[PDB]
Amino acid sequence: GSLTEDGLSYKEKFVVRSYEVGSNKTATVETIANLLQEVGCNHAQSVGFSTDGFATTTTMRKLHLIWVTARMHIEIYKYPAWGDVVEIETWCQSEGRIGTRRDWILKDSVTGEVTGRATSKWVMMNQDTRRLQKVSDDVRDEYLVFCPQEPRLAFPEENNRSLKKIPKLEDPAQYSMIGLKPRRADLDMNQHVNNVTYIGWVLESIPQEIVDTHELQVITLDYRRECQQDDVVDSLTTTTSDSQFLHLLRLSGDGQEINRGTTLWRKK
Amino acid sequence: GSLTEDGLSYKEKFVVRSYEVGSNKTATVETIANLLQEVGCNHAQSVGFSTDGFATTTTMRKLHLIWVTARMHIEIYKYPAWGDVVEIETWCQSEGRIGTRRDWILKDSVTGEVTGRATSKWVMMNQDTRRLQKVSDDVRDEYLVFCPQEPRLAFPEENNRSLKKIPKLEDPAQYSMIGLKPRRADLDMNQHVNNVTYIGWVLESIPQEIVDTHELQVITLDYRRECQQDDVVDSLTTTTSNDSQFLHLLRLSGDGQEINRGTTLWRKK
Ligand SMILES: Nc1ccc2oc(=O)ccc2c1
Ligand SMILES: Nc1ccc2oc(=O)ccc2c1
């Protein structure tokens, strides 16, 4: 991979692996989400930020501040097959005092056609107290020279799906998968649950018949609180409709919300 | 990746990814085991066998026969760090009528040093009845031209760890992790649990204090029966031992049917 000519975005190619594909012989959405994290990490490394997934500055490090994902939105038009080469381009852009955004564009390396798009919203948090805070002018000014100055959005369209508010699923859920728990493979280098694991957990409560007859086109996931290494999660889903679903992940005991989301599926 | 000059082995390089590393900033043993499967699959593709992980011939496909893993043995001297390039070489060799063997050697691409090695034993099974059978002379003769004709072993030493018999853990286990179940990410393209998931499940019952103070050097795992997509597994471990050694058992949560047994060897950091 490498920074592009202008130094304001990063590109990397990946060859889809045998164990990365699902029943359609194409990459799963969790494989795509892991590749988006990998290219984001390589971009932060190339310009001197931390490589732990938080992309912090030296000033954020003294204040014990990190960036944490608030929302992930992914739209896939075509999943790459085993052995195919996919090129992913990524960039960031600050969003005032609210937080920051990392966007991605996925292309088929042979045709050059856009096969998918993603956008993520991040907020600043103290790593110890877990308290959110608005971004200071000093921190935002430090990142400006690593981002495009004019707006550059993976989802430019008006009233597009990526910014829609997600409601809270009401009990009883139509479908559920209970007692989900992370294993060591679900943890990152800092022993926290990888953000992609929550996408897997949301998808566990979609009935197998939908997975067998449809393809996932869009997923929007809000992150509210972490699942700790010793927590247990219930995944709930209700049809709201293409087939569309509303999702909720909550801690198995007390029912504390950890994530909410929506998915849109196209019949094969 | 590519077949080597003589066409009897396959090599492929991999750059270690951010999400593939553990608490030491080096690749986990499950990441290494997934790379071993990937290079095995690319080798089978390059010479015309199936690419579903079973590496079958046309004759095997007619008889509804597949190769299934009976044992996996991995020894790691150094785990590659994030961003490092590791080169893996793999080859197969038939083992008479018993089954076949796939071996691997892992090297650091910059130094050329051997950083690990692995060997796996496979048996032939009818896909539908799940009945094992000996390998016919016709099938073994079909694979001979794709293997070295003189012995080539990743573990040549006498009485080496890779061929040792593993005993059955007796209750009560010293440690356990109960109620493990696969999710869709644990399944392969044919909706079966990926062999690497069982390595993860064995390791779940090792106490966190061992993982925090030791490095896994050797793992030997026997595969007896599959975990189905709707099954639930219990992982049991007992210390048998500077090095720490453990005996492992995976069994179905309800009736206690054995699915795997294994041993691990760990060295203090
Ligand atoms: N606001 C902001 C935050 C994190 C960033 O990390 C990068 O790797 C490049 C740009 C960037 C911008
Ligand atoms: N006996 C045996 C079985 C499977 C094999 O698959 C390969 O990809 C190359 C050689 C080989 C040999």
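About the thresholds
What you see is numbering from 1 along each chain in written sequence order, possibly unlike the entry, with residues lacking coordinates removed. All chains are assigned letters beginning with A, and all ligands numbers beginning with 1, in the order in which they are written. Values shown for side chains rest on all heavy atoms present in the structure; no hydrogens or waters enter the calculation. Per the convention used, a helix needs a DSSP run of H or I reaching at least four residues, while a strand needs a run of E reaching at least two, with both numbered from the N terminus. UniProt positions are given in the numbering used here, feature names are shortened, and annotations may be inferred rather than shown by experiment. Only heavy atoms matter for contacts: two residues are in contact if any of them lie within 4.5 Å across the pair. Relative accessibility under 20% of the residue-type maximum defines a buried residue, over 50% an exposed one, and the middle range a partly exposed one, all with a 1.4 Å probe and only protein chains included. Near, as used in this document, describes a residue that has one of its heavy atoms within 4 Å of the molecule or strand being considered. Two N or O atoms form a polar contact when they lie within 3.5 Å of each other; inside protein one atom must be a possible hydrogen donor and the other a possible acceptor, and for residues adjacent in sequence the pair counts only when both atoms belong to side chains. Where accessible areas are quoted, they stem from the Shrake-Rupley method and a 1.4 Å probe; at the residue level, only the protein chains shown are allowed to cover. For this scheme, ten residues count as nonpolar: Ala, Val, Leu, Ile, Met, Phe, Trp, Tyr, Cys and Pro. Four count as charged, namely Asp, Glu, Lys and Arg, and the remainder, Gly too, count as polar. Any carboxyl oxygen of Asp or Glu within 4 Å of a side-chain nitrogen of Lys or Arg constitutes a salt bridge here. Once two parts are put together, the accessible area they lose, assessed with a 1.4 Å probe and summed over both, is termed the buried area.

In the PDB archive, X-ray crystallography is given as the structure determination method for this entry, at a resolution of 1.520 Å.

**Q** I'd like to hear about the environment of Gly53 of chain B, residue by residue, with values.
**A** Position of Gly53 of chain B relative to the elements: it lies in the loop between α1 (29-46) and α2 (58-62). For the pair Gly53 of chain B and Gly112 of chain B, spaced 59 residues apart in sequence, the C-alpha separation works out to 28 Å.

**Q** Outline the UniProt feature "active site" in chain B, listing residues and values.
**A** Residue and element names in this part refer to chain B. Per the UniProt record, "active site" is annotated on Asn190, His192 and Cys227. On the basis of their most widely separated C-alpha atoms, the annotated residues across 38 residues gather in one place, lying no more than 13.9 Å apart. With respect to the secondary-structure elements, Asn190 resides in the loop between β8 (175-180) and α4 (195-203). Setting aside its immediate chain neighbours within four residues, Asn190 contacts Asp52 and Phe54. Here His192 shows up in the loop between β8 and α4. Residue classification places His192 among the partly exposed residues on the basis of a relative accessible area of 30%. When near neighbours in sequence (up to four residues on either side) are disregarded, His192 contacts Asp186, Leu187 and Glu226.

**Q** Report on the site of ligand 2, specifying residues and quantitative values.
**A** Residues and elements named next belong to chain B. As a structural note, the neighbourhood of ligand 2 is formed by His43, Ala44, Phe49, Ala55, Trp67, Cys92, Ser94, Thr100, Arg102, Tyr143 and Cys147. Between ligand 2 and the protein, one listed contact pairs a nitrogen atom with a side-chain N or O atom of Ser94 at 3.3 Å. Residue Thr100 places a side-chain N or O atom 2.9 Å away from a nitrogen atom belonging to ligand 2. When isolated, ligand 2 has an accessible area of 310 Å², and the protein chains bury 98% of it. Those elements giving two or more residues to the shell around ligand 2 turn out to be α1, β4 (85-95) and β5 (99-108). Residue composition of the shell around ligand 2, grouped by class: seven nonpolar, three polar and one charged.

**Q** With reference to specific residues and values, describe the pattern of salt bridges.
**A** All names here are of chain B. Summed over all chains, the structure comprises 37 salt bridges over all chains. Put simply, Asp222 and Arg71 hold a salt bridge, and the shortest N to O gap is 2.8 Å. One end of the pair, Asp222, is in strand β9 (residues 214-223); the other, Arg71, is in strand β3 (residues 65-76), with 151 residues separating them in the sequence. Judged by relative accessible area, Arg71 falls into the buried class, the value being 12%.

**Q** Mind laying out the interface of chain A and chain B, listing which residues take part and the relevant values?
**A** If you look at the interface, chain A gives 45 residues, while chain B gives 44 residues. When chain A packs against chain B, the two sides together hide about 3400 Å² of surface, and 45% of this comes from carbon and sulfur. Across the contact surface, chain A and chain B share six salt bridges. A salt bridge links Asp186 of chain B to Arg183 of chain A, with the nearest nitrogen and oxygen atoms 2.7 Å apart. Sorting the residues of the side of chain A that touches chain B by element identifies α1 (29-46), β8 (175-180), α4 (195-203) and α5 (208-213) of chain A as the ones contributing at least two each. Here the side of chain A that touches chain B is composed, by residue class, of 18 nonpolar, 15 polar and 12 charged.

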